[PDB]
$ cat final18.cif   # mmCIF, N, CA and C atoms and all ligand atoms
data_target
loop_
_atom_site.label_atom_id
_atom_site.label_comp_id
_atom_site.auth_asym_id
_atom_site.auth_seq_id
_atom_site.Cartn_x
_atom_site.Cartn_y
_atom_site.Cartn_z
N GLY W 1 142.91 58.52 61.64
CA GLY W 1 144.00 57.95 60.78
C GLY W 1 144.77 59.05 60.08
N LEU W 2 145.65 58.69 59.15
CA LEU W 2 146.48 59.65 58.41
C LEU W 2 145.55 60.65 57.72
N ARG W 3 144.74 60.20 56.76
CA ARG W 3 143.83 61.08 56.03
C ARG W 3 142.85 61.76 56.99
N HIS W 4 142.79 63.09 56.94
CA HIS W 4 141.91 63.85 57.82
C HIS W 4 141.71 65.28 57.31
N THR W 5 140.74 65.98 57.91
CA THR W 5 140.44 67.37 57.57
C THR W 5 140.56 68.21 58.84
N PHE W 6 140.66 69.52 58.67
CA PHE W 6 140.85 70.44 59.78
C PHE W 6 140.04 71.72 59.58
N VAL W 7 139.50 72.26 60.67
CA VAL W 7 138.74 73.50 60.63
C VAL W 7 138.97 74.31 61.90
N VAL W 8 138.73 75.62 61.81
CA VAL W 8 138.88 76.50 62.95
C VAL W 8 137.59 77.29 63.17
N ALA W 9 137.12 77.30 64.42
CA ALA W 9 135.91 78.04 64.78
C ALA W 9 136.27 79.18 65.73
N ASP W 10 135.59 80.31 65.57
CA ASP W 10 135.84 81.49 66.39
C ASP W 10 134.96 81.51 67.63
N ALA W 11 135.57 81.18 68.77
CA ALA W 11 134.85 81.14 70.03
C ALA W 11 134.56 82.53 70.60
N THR W 12 135.01 83.58 69.93
CA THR W 12 134.71 84.92 70.43
C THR W 12 133.32 85.30 69.94
N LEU W 13 132.74 84.46 69.09
CA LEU W 13 131.39 84.71 68.60
C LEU W 13 130.48 83.68 69.27
N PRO W 14 129.23 84.07 69.53
CA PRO W 14 128.27 83.17 70.19
C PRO W 14 128.07 81.78 69.62
N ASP W 15 127.95 81.67 68.30
CA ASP W 15 127.70 80.36 67.71
C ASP W 15 128.91 79.62 67.11
N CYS W 16 130.12 79.97 67.55
CA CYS W 16 131.35 79.34 67.05
C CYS W 16 131.37 79.15 65.54
N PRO W 17 131.25 80.24 64.78
CA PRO W 17 131.26 80.08 63.32
C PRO W 17 132.65 79.73 62.78
N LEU W 18 132.69 79.06 61.64
CA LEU W 18 133.95 78.68 61.00
C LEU W 18 134.68 79.90 60.43
N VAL W 19 135.99 79.98 60.67
CA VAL W 19 136.78 81.09 60.13
C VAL W 19 137.80 80.53 59.13
N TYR W 20 138.07 79.23 59.22
CA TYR W 20 139.02 78.57 58.32
C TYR W 20 138.76 77.06 58.22
N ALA W 21 138.94 76.52 57.02
CA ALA W 21 138.79 75.08 56.81
C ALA W 21 139.84 74.63 55.80
N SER W 22 140.43 73.46 56.06
CA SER W 22 141.46 72.90 55.20
C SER W 22 140.90 72.53 53.82
N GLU W 23 141.81 72.40 52.86
CA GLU W 23 141.48 72.02 51.49
C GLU W 23 140.67 70.71 51.53
N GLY W 24 141.13 69.77 52.36
CA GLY W 24 140.46 68.49 52.50
C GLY W 24 139.02 68.57 53.00
N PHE W 25 138.77 69.46 53.95
CA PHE W 25 137.43 69.63 54.49
C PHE W 25 136.43 69.97 53.40
N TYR W 26 136.77 70.96 52.57
CA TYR W 26 135.90 71.39 51.49
C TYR W 26 135.67 70.28 50.47
N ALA W 27 136.76 69.63 50.07
CA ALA W 27 136.71 68.55 49.09
C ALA W 27 135.93 67.32 49.57
N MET W 28 136.07 66.99 50.85
CA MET W 28 135.36 65.84 51.40
C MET W 28 133.85 66.09 51.55
N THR W 29 133.50 67.21 52.18
CA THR W 29 132.10 67.56 52.42
C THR W 29 131.35 68.02 51.17
N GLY W 30 132.09 68.51 50.18
CA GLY W 30 131.49 68.98 48.95
C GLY W 30 131.09 70.45 49.02
N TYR W 31 131.32 71.09 50.17
CA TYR W 31 130.98 72.50 50.31
C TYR W 31 132.17 73.40 49.99
N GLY W 32 131.87 74.64 49.60
CA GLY W 32 132.93 75.58 49.28
C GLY W 32 133.04 76.63 50.37
N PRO W 33 134.16 77.37 50.45
CA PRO W 33 134.33 78.41 51.47
C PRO W 33 133.23 79.45 51.39
N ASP W 34 132.99 79.95 50.18
CA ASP W 34 131.95 80.94 49.97
C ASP W 34 130.57 80.37 50.29
N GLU W 35 130.55 79.26 51.01
CA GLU W 35 129.30 78.60 51.38
C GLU W 35 129.22 78.28 52.88
N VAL W 36 130.35 77.91 53.48
CA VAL W 36 130.35 77.55 54.90
C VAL W 36 131.11 78.46 55.86
N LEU W 37 131.92 79.38 55.35
CA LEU W 37 132.63 80.28 56.25
C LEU W 37 131.60 81.19 56.92
N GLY W 38 131.77 81.41 58.22
CA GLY W 38 130.84 82.25 58.95
C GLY W 38 129.67 81.47 59.52
N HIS W 39 129.69 80.15 59.33
CA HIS W 39 128.62 79.29 59.81
C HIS W 39 129.10 78.21 60.79
N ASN W 40 128.21 77.81 61.69
CA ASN W 40 128.52 76.76 62.66
C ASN W 40 128.54 75.45 61.86
N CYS W 41 129.43 74.53 62.23
CA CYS W 41 129.58 73.25 61.53
C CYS W 41 128.42 72.26 61.64
N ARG W 42 127.35 72.65 62.34
CA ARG W 42 126.20 71.75 62.51
C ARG W 42 125.49 71.43 61.20
N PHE W 43 125.83 72.15 60.13
CA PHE W 43 125.18 71.88 58.85
C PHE W 43 125.59 70.51 58.30
N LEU W 44 126.60 69.90 58.90
CA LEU W 44 127.05 68.58 58.45
C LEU W 44 126.18 67.46 59.02
N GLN W 45 125.37 67.80 60.01
CA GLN W 45 124.50 66.83 60.67
C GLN W 45 123.21 66.54 59.92
N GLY W 46 122.54 65.46 60.31
CA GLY W 46 121.31 65.11 59.63
C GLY W 46 120.40 64.19 60.42
N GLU W 47 119.52 63.51 59.70
CA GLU W 47 118.55 62.61 60.30
C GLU W 47 119.07 61.55 61.25
N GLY W 48 120.05 60.76 60.81
CA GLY W 48 120.55 59.72 61.67
C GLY W 48 121.57 60.17 62.70
N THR W 49 121.89 61.46 62.74
CA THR W 49 122.88 61.92 63.70
C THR W 49 122.37 61.77 65.12
N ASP W 50 123.16 61.07 65.93
CA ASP W 50 122.79 60.83 67.32
C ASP W 50 122.82 62.10 68.16
N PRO W 51 121.63 62.61 68.54
CA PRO W 51 121.57 63.83 69.35
C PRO W 51 122.32 63.74 70.67
N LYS W 52 122.54 62.52 71.16
CA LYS W 52 123.25 62.35 72.41
C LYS W 52 124.72 62.71 72.23
N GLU W 53 125.29 62.34 71.08
CA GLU W 53 126.69 62.65 70.81
C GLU W 53 126.85 64.14 70.55
N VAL W 54 125.88 64.73 69.85
CA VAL W 54 125.88 66.16 69.55
C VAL W 54 125.86 66.92 70.88
N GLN W 55 125.03 66.47 71.81
CA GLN W 55 124.94 67.14 73.10
C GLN W 55 126.27 67.10 73.84
N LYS W 56 127.02 66.02 73.64
CA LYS W 56 128.32 65.87 74.28
C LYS W 56 129.26 66.98 73.80
N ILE W 57 129.26 67.23 72.50
CA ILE W 57 130.11 68.28 71.93
C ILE W 57 129.65 69.64 72.42
N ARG W 58 128.33 69.83 72.46
CA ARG W 58 127.79 71.11 72.92
C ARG W 58 128.24 71.41 74.35
N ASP W 59 128.18 70.39 75.22
CA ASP W 59 128.60 70.54 76.61
C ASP W 59 130.09 70.89 76.73
N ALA W 60 130.93 70.15 76.01
CA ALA W 60 132.37 70.40 76.04
C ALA W 60 132.67 71.85 75.65
N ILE W 61 132.02 72.31 74.58
CA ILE W 61 132.20 73.67 74.10
C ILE W 61 131.82 74.70 75.16
N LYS W 62 130.64 74.53 75.74
CA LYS W 62 130.17 75.46 76.77
C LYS W 62 131.11 75.40 77.97
N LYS W 63 131.79 74.27 78.15
CA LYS W 63 132.72 74.16 79.27
C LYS W 63 134.13 74.54 78.86
N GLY W 64 134.33 74.82 77.58
CA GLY W 64 135.65 75.18 77.09
C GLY W 64 136.63 74.04 77.27
N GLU W 65 136.18 72.83 76.95
CA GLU W 65 137.01 71.64 77.09
C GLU W 65 137.11 70.86 75.79
N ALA W 66 138.13 70.00 75.69
CA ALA W 66 138.33 69.18 74.50
C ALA W 66 137.32 68.03 74.53
N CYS W 67 137.10 67.39 73.39
CA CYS W 67 136.14 66.29 73.35
C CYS W 67 136.29 65.58 72.04
N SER W 68 136.00 64.29 72.06
CA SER W 68 136.10 63.48 70.86
C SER W 68 134.82 62.66 70.73
N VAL W 69 134.21 62.67 69.55
CA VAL W 69 133.00 61.89 69.35
C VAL W 69 132.88 61.34 67.93
N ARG W 70 132.09 60.29 67.79
CA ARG W 70 131.85 59.65 66.51
C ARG W 70 130.44 60.07 66.10
N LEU W 71 130.33 60.74 64.95
CA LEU W 71 129.04 61.22 64.49
C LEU W 71 128.77 60.93 63.03
N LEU W 72 127.50 60.73 62.72
CA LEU W 72 127.10 60.49 61.35
C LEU W 72 126.92 61.88 60.75
N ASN W 73 127.55 62.12 59.60
CA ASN W 73 127.46 63.41 58.92
C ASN W 73 127.05 63.17 57.48
N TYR W 74 126.75 64.25 56.77
CA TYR W 74 126.34 64.15 55.38
C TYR W 74 127.04 65.17 54.49
N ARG W 75 127.37 64.74 53.27
CA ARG W 75 128.02 65.61 52.30
C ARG W 75 126.95 66.56 51.75
N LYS W 76 127.38 67.57 50.99
CA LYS W 76 126.45 68.53 50.41
C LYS W 76 125.42 67.81 49.53
N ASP W 77 125.84 66.71 48.91
CA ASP W 77 124.94 65.95 48.06
C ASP W 77 124.00 65.05 48.87
N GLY W 78 124.12 65.09 50.20
CA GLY W 78 123.24 64.29 51.03
C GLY W 78 123.71 62.90 51.43
N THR W 79 124.83 62.44 50.88
CA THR W 79 125.35 61.11 51.21
C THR W 79 126.00 61.10 52.59
N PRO W 80 125.78 60.03 53.36
CA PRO W 80 126.33 59.89 54.70
C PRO W 80 127.76 59.38 54.79
N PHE W 81 128.38 59.67 55.93
CA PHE W 81 129.71 59.19 56.22
C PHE W 81 129.94 59.33 57.73
N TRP W 82 130.75 58.43 58.28
CA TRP W 82 131.03 58.44 59.70
C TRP W 82 132.25 59.31 59.97
N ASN W 83 132.07 60.24 60.90
CA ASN W 83 133.09 61.20 61.25
C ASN W 83 133.55 61.09 62.69
N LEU W 84 134.85 60.84 62.86
CA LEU W 84 135.44 60.77 64.18
C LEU W 84 135.97 62.19 64.35
N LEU W 85 135.26 62.96 65.15
CA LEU W 85 135.60 64.36 65.38
C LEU W 85 136.25 64.62 66.74
N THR W 86 137.28 65.45 66.73
CA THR W 86 137.95 65.82 67.95
C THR W 86 138.03 67.35 67.96
N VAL W 87 137.46 67.95 69.00
CA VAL W 87 137.46 69.41 69.14
C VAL W 87 138.39 69.82 70.27
N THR W 88 139.23 70.82 70.00
CA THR W 88 140.18 71.32 70.99
C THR W 88 140.08 72.84 71.16
N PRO W 89 139.97 73.30 72.41
CA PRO W 89 139.88 74.73 72.69
C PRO W 89 141.27 75.37 72.67
N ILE W 90 141.37 76.55 72.07
CA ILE W 90 142.64 77.27 72.04
C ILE W 90 142.39 78.52 72.89
N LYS W 91 143.20 78.67 73.93
CA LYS W 91 143.06 79.77 74.89
C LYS W 91 144.13 80.86 74.84
N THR W 92 143.80 82.03 75.37
CA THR W 92 144.75 83.12 75.44
C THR W 92 145.42 82.97 76.81
N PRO W 93 146.50 83.73 77.07
CA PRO W 93 147.18 83.63 78.36
C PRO W 93 146.27 83.85 79.57
N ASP W 94 145.21 84.63 79.40
CA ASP W 94 144.30 84.89 80.50
C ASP W 94 143.39 83.71 80.80
N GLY W 95 143.58 82.60 80.09
CA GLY W 95 142.75 81.43 80.33
C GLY W 95 141.46 81.35 79.53
N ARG W 96 141.04 82.44 78.89
CA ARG W 96 139.81 82.39 78.11
C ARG W 96 139.97 81.74 76.74
N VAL W 97 138.90 81.09 76.29
CA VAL W 97 138.87 80.40 75.00
C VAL W 97 138.68 81.36 73.84
N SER W 98 139.65 81.38 72.94
CA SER W 98 139.59 82.25 71.78
C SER W 98 139.07 81.54 70.54
N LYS W 99 139.56 80.33 70.33
CA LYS W 99 139.18 79.56 69.16
C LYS W 99 138.99 78.10 69.51
N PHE W 100 138.31 77.38 68.63
CA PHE W 100 138.14 75.96 68.79
C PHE W 100 138.67 75.35 67.51
N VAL W 101 139.50 74.33 67.63
CA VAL W 101 140.04 73.67 66.44
C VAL W 101 139.41 72.29 66.32
N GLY W 102 139.10 71.90 65.10
CA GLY W 102 138.50 70.61 64.90
C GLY W 102 139.20 69.75 63.87
N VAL W 103 139.42 68.49 64.22
CA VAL W 103 140.05 67.55 63.32
C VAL W 103 139.01 66.47 63.03
N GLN W 104 138.68 66.30 61.75
CA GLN W 104 137.71 65.30 61.33
C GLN W 104 138.37 64.18 60.55
N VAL W 105 137.94 62.95 60.81
CA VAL W 105 138.47 61.77 60.12
C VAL W 105 137.29 60.92 59.67
N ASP W 106 137.20 60.64 58.37
CA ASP W 106 136.12 59.81 57.84
C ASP W 106 136.52 58.37 58.13
N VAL W 107 135.84 57.76 59.10
CA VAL W 107 136.13 56.39 59.50
C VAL W 107 135.13 55.38 58.96
N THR W 108 134.41 55.79 57.92
CA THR W 108 133.43 54.92 57.28
C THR W 108 134.15 53.65 56.81
N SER W 109 135.45 53.77 56.54
CA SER W 109 136.29 52.66 56.06
C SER W 109 136.00 52.35 54.60
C1 LIG W 201 135.95 73.48 65.76
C2 LIG W 201 134.65 72.65 65.60
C3 LIG W 201 134.47 71.69 64.62
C4 LIG W 201 133.23 70.93 64.50
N1 LIG W 201 133.11 70.00 63.50
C5 LIG W 201 131.98 69.31 63.39
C6 LIG W 201 131.82 68.30 62.34
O1 LIG W 201 132.74 68.05 61.52
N2 LIG W 201 130.61 67.65 62.30
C7 LIG W 201 129.52 67.88 63.21
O2 LIG W 201 128.55 67.22 63.02
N3 LIG W 201 129.65 68.80 64.20
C8 LIG W 201 130.81 69.50 64.31
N4 LIG W 201 130.95 70.44 65.33
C9 LIG W 201 129.78 70.58 66.26
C10 LIG W 201 128.80 71.70 65.92
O3 LIG W 201 129.49 72.81 65.34
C11 LIG W 201 128.08 72.20 67.20
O4 LIG W 201 129.14 72.57 68.18
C12 LIG W 201 127.28 71.18 67.95
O5 LIG W 201 126.24 70.54 67.14
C13 LIG W 201 126.67 71.91 69.16
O6 LIG W 201 125.30 71.63 69.37
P1 LIG W 201 124.09 72.38 68.68
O7 LIG W 201 124.20 72.19 67.20
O8 LIG W 201 122.93 71.61 69.32
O9 LIG W 201 124.11 73.88 69.07
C14 LIG W 201 132.15 71.23 65.49
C15 LIG W 201 132.36 72.21 66.50
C16 LIG W 201 133.56 72.93 66.58
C17 LIG W 201 133.70 73.98 67.67
#

$ encode --input "final18.cif" --output "structure tokens" --more "lines below"
Ligand SMILES: Cc1cc2nc3c(=O)[nH]c(=O)nc-3n(C[C@H](O)[C@H](O)[C@H](O)COP(=O)(O)O)c2cc1C
Amino acid sequence: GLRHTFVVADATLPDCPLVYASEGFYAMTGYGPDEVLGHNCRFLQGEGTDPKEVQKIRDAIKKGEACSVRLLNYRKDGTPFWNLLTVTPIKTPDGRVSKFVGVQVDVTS
């Protein structure tokens, strides 16, 4: 929907760590930059997170392809929320993946 957050991951590093996150991302998740920059976004996952959906994202990434999934995530305070995540690979002219961009939408309603 209209309200959403955005983040950028560096695919030139093995674990796709975050290099940038929108104002909304920090405010929604409750985390600060000096807390999540340089880290993979998997810290948003938790107990009820469907490993099957997580695997789908992992596969798309390893294949350097776009993907959209609905996942249960948790704020820094531990409270849950439903996240409709869409990941998009950004490539250089040589065809290789340089960055991955992510758009998150809280669809908890
Ligand atoms: C740009 C980008 C944004 C992501 N955003 C989220 C997110 O908001 N929530 C989430 O649970 N996983 C998110 N992921 C997925 C995890 O970072 C990680 O790719 C996934 O869990 C891969 O599987 P693994 O944790 O088993 O290695 C994102 C990945 C990328 C590349």

$ residues_near_point --input "final18.cif" --point "(124.9, 66.2, 62.3)" --cutoff "6.5 Å" --atoms "only N, CA and C atoms" --output "number ranges by chain"
W: 42-46, 49, 72-74

$ write_last_selection --input "final18.cif" --atoms "N, CA and C atoms" --output "PDB file, in the frame of the given file"
ATOM      1  N   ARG W  42     127.350  72.650  62.340  1.00  0.00           N
ATOM      2  CA  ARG W  42     126.200  71.750  62.510  1.00  0.00           C
ATOM      3  C   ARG W  42     125.490  71.430  61.200  1.00  0.00           C
ATOM      4  N   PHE W  43     125.830  72.150  60.130  1.00  0.00           N
ATOM      5  CA  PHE W  43     125.180  71.880  58.850  1.00  0.00           C
ATOM      6  C   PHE W  43     125.590  70.510  58.300  1.00  0.00           C
ATOM      7  N   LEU W  44     126.600  69.900  58.900  1.00  0.00           N
ATOM      8  CA  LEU W  44     127.050  68.580  58.450  1.00  0.00           C
ATOM      9  C   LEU W  44     126.180  67.460  59.020  1.00  0.00           C
ATOM     10  N   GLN W  45     125.370  67.800  60.010  1.00  0.00           N
ATOM     11  CA  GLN W  45     124.500  66.830  60.670  1.00  0.00           C
ATOM     12  C   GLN W  45     123.210  66.540  59.920  1.00  0.00           C
ATOM     13  N   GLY W  46     122.540  65.460  60.310  1.00  0.00           N
ATOM     14  CA  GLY W  46     121.310  65.110  59.630  1.00  0.00           C
ATOM     15  C   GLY W  46     120.400  64.190  60.420  1.00  0.00           C
ATOM     16  N   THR W  49     121.890  61.460  62.740  1.00  0.00           N
ATOM     17  CA  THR W  49     122.880  61.920  63.700  1.00  0.00           C
ATOM     18  C   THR W  49     122.370  61.770  65.120  1.00  0.00           C
ATOM     19  N   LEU W  72     127.500  60.730  62.720  1.00  0.00           N
ATOM     20  CA  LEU W  72     127.100  60.490  61.350  1.00  0.00           C
ATOM     21  C   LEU W  72     126.920  61.880  60.750  1.00  0.00           C
ATOM     22  N   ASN W  73     127.550  62.120  59.600  1.00  0.00           N
ATOM     23  CA  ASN W  73     127.460  63.410  58.920  1.00  0.00           C
ATOM     24  C   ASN W  73     127.050  63.170  57.480  1.00  0.00           C
ATOM     25  N   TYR W  74     126.750  64.250  56.770  1.00  0.00           N
ATOM     26  CA  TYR W  74     126.340  64.150  55.380  1.00  0.00           C
ATOM     27  C   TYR W  74     127.040  65.170  54.490  1.00  0.00           C
TER      28      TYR W  74
END

$ atom_distance --input "final18.cif" --atom1 "atom CA of residue W:64" --atom2 "atom CA of residue W:8"
14.6 Å

$ residues_near_ligand --input "final18.cif" --ligand "ligand LIG 201 (chain W)" --cutoff "6 Å" --atoms "only C-alpha atoms and all ligand atoms" --output "PyMOL selection string"
chain W and resi 7-9+16+40-42+44-45+54-55+57-58+73+87+100-102+104

$ closest_residue --input "final18.cif" --among "W:109, W:4, W:89, W:79" --to "residue W:23" --atoms "only C-alpha atoms"
W:4

$ closest_residue --input "final18.cif" --among "W:66, W:97, W:60, W:36" --to "residue W:11" --atoms "all atoms listed in the file"
W:97

$ axis_aligned_box --input "final18.cif" --around "stretch 77-84 of chain W" --padding-each-side "4 Å" --output "AutoDock Vina command-line options"
--center_x 129.6 --center_y 62.6 --center_z 56.2 --size_x 20.7 --size_y 16.3 --size_z 24.3

$ select_by_dssp --input "final18.cif" --residues "chain W" --states "alpha helix (DSSP H)" --output "PyMOL selection string"
chain W and resi 23-29+33-36+51-63

$ closest_residue --input "final18.cif" --among "W:15, W:29, W:61, W:1" --to "residue W:78" --atoms "only N, CA and C atoms"
W:29

$ atom_distance --input "final18.cif" --atom1 "atom N of residue W:96" --atom2 "atom CA of residue W:67"
17.8 Å

$ closest_residue --input "final18.cif" --among "W:62, W:5, W:68, W:18" --to "residue W:103" --atoms "only N, CA and C atoms"
W:5

$ atom_distance --input "final18.cif" --atom1 "atom CA of residue W:21" --atom2 "atom N of residue W:83"
16.8 Å

$ closest_residue --input "final18.cif" --among "W:95, W:51, W:24, W:33" --to "residue W:65" --atoms "only C-alpha atoms"
W:95
